[PDB]
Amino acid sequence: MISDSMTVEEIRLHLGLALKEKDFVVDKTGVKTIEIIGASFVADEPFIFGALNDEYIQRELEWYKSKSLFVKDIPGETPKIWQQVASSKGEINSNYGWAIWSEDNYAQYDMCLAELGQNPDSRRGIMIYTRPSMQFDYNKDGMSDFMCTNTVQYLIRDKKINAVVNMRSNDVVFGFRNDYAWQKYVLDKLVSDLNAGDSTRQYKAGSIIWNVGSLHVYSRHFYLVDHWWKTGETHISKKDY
């Protein structure tokens, strides 16, 4: 049985309620956030609030494929969020391609693939992004990058492959949208690879379950929550608002 989790629509409702009642928390800079602790939902839409930027996600994908820990290797102009989090030499931790494809992180993708190809029912089919040393590594050379994704586990049931995504922190507006596109990409790729290994498998992509320690919206995005609360629209221009 796959758990009876909330949907993205229900998450929207709870975030609206949180704002309606001034359930604010003071983030590490000093800025307000609304927040759901221990959030768990099926990622059945590719965004919660805001709009889809397919161009950006594709650049972030190409960067993950390079497995480069330097933010300058992001195609084109490096986003400001990535450069203010980088070290003095432009280095970070959270290249998710490095996490699952580098041999430096013990070949997470390949090992999970080998595991599920040998035992489709495995409960140890898992990709481990973070590491114990992250307690010291997150601010190496003055970066500020404590890996937000901990683990992603894959479970094959009824010829559908489900992903259980475990994060410590995920921003509702930018974070979820980019990270969902990534996890959906990796899920689709794992299905293809397993199917190409044996044509009788016929696996299909299943559910992505999103587990977040702190799922939050920053105060600069409150107008999106507010507008949805009043109109049901998941996006406005900050000008039209």
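Just count from 1 along the sequence shown to find any residue number.
Query raised in the report: In the PDB record, does 171 to 179 or 193 to 201 carry the higher mean Cα temperature factor?
Result: Higher mean C-alpha B-factor in the PDB entry: 193 to 201.
Query raised in the report: Got a sec? Mean C-alpha B-factor, which is higher, 45 to 53 or 208 to 216?
Result: The recorded data point to 45 to 53.
Requested in this report: Using the temperature factors in the entry, find which of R59, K65, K32, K184 has the highest value at its Cα atom.
Outcome: Max CA B-factor in the entry, restricted to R59, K65, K32, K184: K32.
Query - Given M147, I81, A99, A163, the residue at which the Cα B factor reaches its maximum - result: In the PDB entry, the greatest C-alpha B-factor among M147, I81, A99, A163 is found at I81.
**Report entry** Entry-reported Cα temperature factor of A39, expressed as the chain third it lands in
**Finding:** It belongs to the middle third of the chain when residues are ordered by C-alpha B-factor.
Query raised in the report: Split the chain's modelled residues into thirds by Cα B-factor; is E91 in the lowest, middle or highest one?
Result: Within its chain, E91 is a middle-third residue by C-alpha B-factor, going by the deposited values.
Query raised in the report: Among the modelled residues of its chain, does the C-alpha B-factor of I126 lie in the lowest, middle or highest third?
Result: Lowest third, going by the recorded CA B-factors of the chain.
Query raised in the report: By its CA B factor, does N139 count among the lowest, middle or highest third of the modelled residues in the chain?
Result: Middle third by C-alpha B-factor.
Query raised in the report: Which third, lowest, middle or highest, does the CA B-factor of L113 fall in along this chain?
Result: CA B-factor rank for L113: lowest third.
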